[PDB]
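Student: In our numbering, the protein residues as written are 12 to 552.
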Ligand SMILES: O=C(O)/C=C/c1ccc(NC(=O)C2(NC(=O)c3ccc4c(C5CCCCC5)c5n(c4c3)CC(=O)Nc3ccccc3-5)CCCC2)cc1
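1) Helix, strand or coil, according to DSSP, for residue 211 in the structure here?
2) Can you tell me where the alpha helix (DSSP H) holding residue 608 begins and where it ends?
3) How about residue 397: is its Cβ closer than 7 Å to a heavy atom in ligand 1?
4) Just checking residue 51 against ligand 3 - is the residue's beta carbon closer than 7 Å to any of the ligand's heavy atoms?
5) Return the CA-CA distance between residue 445 and residue 411, expressed in angstroms with no decimal places.
6) With a threshold of 16 other CB atoms inside 10 Å of the CB of residue 484, please say whether the residue is buried or exposed.
7) From what residue to what residue does the beta strand (DSSP E) around residue 266 run?
8) Taking its Cβ as the centre, do 16 or more other Cβ atoms sit within 10 Å of residue 135, making it buried, or is it exposed?
9) Could you round the C-beta distance between residue 322 and residue 55 to whole angstroms and report it? I think they count as a contact, below 8 Å.
10) Beta carbon of residue 390: closer than 7 Å to some heavy atom of ligand 1?
11) Taking C-alpha atoms, which residue in 253, 87, 346 and 177 lies nearest to residue 199?
12) Roughly how many whole angstroms lie between the Cα atoms of residue 632 and residue 540?
13) Would you call the CB atoms of residue 84 and residue 547 closer than 8 Å?
14) Give a single yes or no on whether residue 400 has its beta carbon closer than 7 Å to a heavy atom of ligand 1.
15) Given that a residue counts as buried once 16 or more other Cβ atoms are within 10 Å of its Cβ, and exposed if not, what is residue 240?
16) Quick check: is any heavy atom of ligand 1 less than 7 Å from the C-beta of residue 490?
17) Confirm the yes/no value for this check: CB of residue 525, any heavy atom of ligand 1, distance under 7 Å.
18) Exposed or buried, what is residue 118 when buried is set at 16 or more other beta-carbons lying within 10 Å of its beta-carbon?
19) Ligand 1 and residue 350: does the residue's C-beta get closer than 7 Å to at least one heavy atom of that ligand?
20) What do you reckon, are the CB atoms on residue 461 and residue 363 nearer than 8 Å?
21) At what residues does the alpha helix (DSSP H) containing residue 76 begin and finish?
22) Looking at residue 271 and ligand 1, is the gap between the Cβ and the nearest heavy atom below 7 Å?
23) For residue 488, which residues from the same chain have a beta carbon less than 7 Å from its beta carbon, with the 5 sequence-adjacent residues on both sides left out?
24) Distance, Cα to Cα, residue 481 vs residue 475?
25) So if DSSP puts residue 148 in a beta bridge, which residue, or which two residues, is it bridged to?
26) Going by the C-beta, is residue 406 closer than 7 Å to any heavy atom of ligand 1?
27) Under the three-state reduction of DSSP, which class applies to residue 64: helix, strand or coil?
28) Could you give the residue range of the beta strand (DSSP E) that holds residue 372?
29) Alpha carbon to alpha carbon, how far is residue 141 from residue 243?
30) Counting only runs of 4+ residues fully inside the region 296-377, write out the alpha helix (DSSP H) ranges in chain order.
31) Please state whether the Cβ-Cβ distance between residue 148 and residue 248 is less than 8 Å.
32) Mapping DSSP to helix, strand and coil, what is residue 47?
33) Any chance the region 263-271 sits against the region 204-221, with 3 or more Cβ pairs inside 8 Å?
34) Between 532, 431, 468 and 371, which lies nearest to residue 549 when the distance is taken from Cα to Cα?
35) Provide the residue span of the alpha helix (DSSP H) that contains residue 536, from first to last.
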């Protein structure tokens with residue numbers, strides 16, 4: 012079947028990516044899928060199902076599901092918004108209960124979805140190509156989204172880890188991800204690793220893939236209504252349905268993965284894992300270790316030789332193609348762990364204050380800096396700079412540029428204590444910047460404040476990026492951080508801790524740094540459990 016069918020009605024509005032480029036994306040994501048399954052696929056599936064069998068999932072109440080709704084989640088077309096949902100307003104609640112009742116009674120009628128072009132900031136690079144088309148987002152109404160949580164929130168939070176174990180990427184903090192990859196690399200006699208990039212993964216997801224995914228969810232111990240709701244949501248929403256633009260016009264139909272449903276991340280991880288594990292067997296890759304985050308796949312295995320490794324990747328690719336997961340860029344074997352870019356990141360190493368080696372995750376800073384520049388220029392709902400400070404806290408660029416720039420703005424605006432929204436693995440977190448030292452200590456360890464001896468390649472990538480973007484050099488940032496640090500120190504409490512810990516790299520004579528006592532009190536239990544991209548998930552912490 013066709014991933015999409017279109018009426019010709021435009022994807023209407025609600026460098027930055029806009030609805031103008033939607034037509035270019037539509038051409039790429041629109042194709043017929045030809046999927047051929049074999050015994051390797053069937054074997055891996057049965058193994059996954061046996062692990063899913065151990066899961067017991069709870070049905071969330073309306074109230075618990077309402078509490079997970081982001082405050083700025085798109086309003087319902089039925090006369091209520093995200094604020095009404097969170098406040099448990101009679102109208103919102105009554106509508107949610109009728110949506111739920113309808114899921115239990117109607118097992119066939121397709122549910123309507125809205126299609127929108129996503130507005131994302133990318134860097135204006137005229138040397139290696141041109142502007143990227145806007146990504147497309149497909150999501151059901153707010154009432155349906157609350158119902159999805161009731162039936163599947165506990166499933167999507169618990170099941171992926173039970174099924175995939177250590178291969179489930181979203182259970183890891185950046186430090187644990189680094190440790191997993193380093194351990195996997197070290198465990199091989201002669202390691203070889205590769206990233207597998209699927210061309211438009213969401214469009215490659217077939218109706219059968221979605222039913223196979225349900226077959227895995229159905230192995231859980233579930234309440235009868237949860238079981239019916241999962242069955243109904245699969246047929247009416249997950250497998251496909253009609254697409255409506257922002258103007259309420261019929262845009263066409265979808266027969267592939269919707270990017271804005273609760274099961275997107277979980278389903279994509281399960282599907283990518285299933286296909287990859289089966290393709291590993293077809294390719295005869297030896298002693299495979301996989302790390303899967305949605306459509307992002309990394310494989311670490313035993314090298315069989317240079318030519319043999321090239322042949323085994325072509326074989327893996329041919330198998331993924333048969334399973335309807337063809338490649339964007341063909342995979343390349345790597346013989347150094349640092350050379351693998353997975354989840355847009357690479358492993359790097361630094362030294363702590365005692366000279367001990369510390370592995371950390373980094374990435375090219377172009378996109379994070381350009382997005383930070385967009386956010387500094389215009390008020391945004393999500394602060395990517397805050398997410399990048401949290402996730403890339405040990406990096407040279409996040410410490411010297413992002414922390415220095417944003418802490419000077421927060422000092423000037425006197426908004427250090429004001430909670431900000433940021434995204435962590437697709438979920439929305441409301442965070443006070445004053446809590447950053449505690450968060451960083453918990454996710455990366457005390458050493459994240461004392462790291463030095465950065466690699467020449469990492470130093471050069473940062474410095475070249477600053478030049479290209481017209482950002483002042485690192486020496487200017489050191490000078491700026493000293494003033495930012497001094498002002499934070501003068502304020503006391505958490506503000507002084509931000510100065511002392513985040514800006515210890517800036518001082519002539521570096522301070523001792525003892526663990527932050529209150530850091531253990533932060534409840535980070537919901538943090539690196541699961542991925543919720545497009546899942547409409549929220550938490551205050
Ligand atoms: O001695 C030497 O060798 C050179 C010294 C030197 C060179 C340049 C400056 N720049 C400045 O003073 C100003 N900009 C900045 O002090 C500045 C700060 C952050 C900037 C950012 C980001 C960095 C990440 C957080 C958000 C802001 C960008 N750009 C920035 C410029 C350059 C810019 O203007 N825009 C972009 C565009 C894309 C990406 C980054 C940038 C402020 C007044 C006039 C311009 C200062 C000192």
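Every residue, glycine too, gets a C-beta built ideally from N, C-alpha and C.
Tutor: Taking the geometry as given:
1) Coil at residue 211, not helix or strand.
2) Nothing about residue 608 can be reported from this structure: the residues present for the chain run from 12 to 552 only.
3) Ligand 1 has no heavy atom closer than 7 Å to the beta-carbon of residue 397.
4) Absence of ligand 3 from the depicted structure is noted, with ligand 1 being the only ligands included.
5) Rounded to whole angstroms, residue 445 to residue 411 spans 17 Å at the Cα level.
6) Flag for residue 484 reads exposed.
7) Element bounds for residue 266: n/a, residue is neither H nor E.
8) Exposed, because fewer than 16 other Cβ atoms sit within 10 Å of the Cβ of residue 135.
9) Actually they do not touch by this definition, with Cβ atoms about 22 Å apart.
10) No, Cβ of residue 390 sits at least 7 Å from all heavy atoms of ligand 1.
11) Nearest of 253, 87, 346 and 177 to residue 199, Cα basis: 346.
12) No statement about residue 632 is possible, as the shown extent of the chain runs from 12 to 552 and does not include it.
13) Taking the C-beta atoms as reference points, residue 547 is found nearer than 8 Å to residue 84.
14) Checking the Cβ of residue 400 against ligand 1 gives no.
15) Per the 10 Å Cβ criterion, buried.
16) The answer is no for residue 490.
17) Set against 7 Å, the gap from the CB of residue 525 to the closest heavy atom of ligand 1 is not smaller.
18) Exposed, because fewer than 16 other Cβ atoms sit within 10 Å of the Cβ of residue 118.
19) Taking 7 Å as the cut-off, one finds no heavy atom of ligand 1 near enough to the beta carbon of residue 350.
20) Taking 8 Å as the Cβ cut-off, residue 461 and residue 363 qualify as a contacting pair.
21) Judged by DSSP secondary structure, residue 76 falls within the alpha helix (DSSP H) whose first and last residues are 73-78.
22) No, the beta carbon of residue 271 sits no closer than 7 Å to any heavy atom of ligand 1.
23) In its chain, beyond the 5 residues on either side, 411, 412 and 415 have a beta carbon closer than 7 Å to the beta carbon of residue 488.
24) Note on geometry: alpha-carbon atoms of residue 481 and residue 475 lie some 10 Å from one another.
25) Answer is 127, bridged to residue 148.
26) Taking 7 Å as the cut-off, the C-beta of residue 406 does not count as close to any heavy atom of ligand 1.
27) Of the three classes helix, strand and coil, the one that applies to residue 64 here is coil, per DSSP.
28) Under the DSSP assignment, residue 372 falls in the beta strand (DSSP E) whose first and last residues are 368-373.
29) Distance between the alpha carbons of residue 141 and residue 243 is about 42 Å.
30) The qualifying runs are 317-333.
31) Going by beta carbons, residue 148 and residue 248 fall outside the 8 Å limit.
32) Coil.
33) In this structure the region 263-271 touches the region 204-221; the number of beta carbon pairs closer than 8 Å is three or more.
34) Closest by alpha carbon: 431.
35) Premise fails: residue 536 is in no alpha helix (DSSP H) and is neither H nor E.
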